[PDB]
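Chemist: Line order of the protein sequences matches chains A and B. Quick note on numbering: this note's numbering labels position 12 of the first sequence as 12, and the sequence is numbered without any gaps. When you read off a place in the second sequence, starting at 1, and then add 48, the result is the number in this note's numbering.
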Amino acid sequence: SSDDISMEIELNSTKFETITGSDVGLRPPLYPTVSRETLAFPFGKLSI
Amino acid sequence: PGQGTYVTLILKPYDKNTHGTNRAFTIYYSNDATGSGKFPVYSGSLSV
């Protein structure tokens, strides 16, 4: 699940697409496969 | 610390061909006006 999630802020005319492959080397695994376990994807101080 | 960048490097698993016989590696950086020397920033054993 490298580069799987990605924030893309739209400005008034432009946009800037970042991605967690460009941010986070910490990778929440789908194992704990046992049901209803939710995950997290922190973006540290996204200076737009 | 100061001006600088983070780089997280994903490396291929071991090949007998392109990695030589040593399964380990070391990885340098420089400035680089080429020939000014290059600093060892990391050393490690690559995996199969």
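Backbone N, C-alpha and C fix where the C-beta goes; we use that ideal spot for every residue, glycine too.
What are the boundary residues of the beta strand (DSSP E) that B:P88 is part of?
Modeler: Note, B:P88: beta strand (DSSP E), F87 to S93.
Chemist: Going by the DSSP bridge assignment, what does B:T74 pair with across the sheet?
Modeler: B:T74 pairs with B:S91.
Chemist: With H, G and I counted as helix, E and B as strand and the rest as coil, what does DSSP make of A:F43?
Modeler: Coil.
Chemist: Tell me where the beta strand (DSSP E) around A:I9 begins and ends.
Modeler: Taken as a continuous stretch (DSSP letters only), the beta strand (DSSP E) holding A:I9 covers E8 to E10.
Chemist: Using DSSP bridges, identify the partner residues of A:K15.
Modeler: Note: A:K15 sits in a beta bridge opposite A:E10.
Chemist: Let's test the definition: count the other Cβ atoms within 10 Å of the Cβ of A:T14 and tell me whether it reaches 16, buried, or not, exposed.
Modeler: With fewer than 16 other Cβ atoms within 10 Å, it is exposed.
Chemist: Does the distance from the C-beta atom of A:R36 to that of A:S2 stay below 9 Å?
Modeler: No; because the gap between Cβ atoms is not below 9 Å, this pair is not in contact.
Chemist: Quick check on this structure: which residue in B:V55, B:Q51 and B:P49 has the alpha carbon closest to the alpha carbon of B:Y76?
Modeler: It is B:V55.
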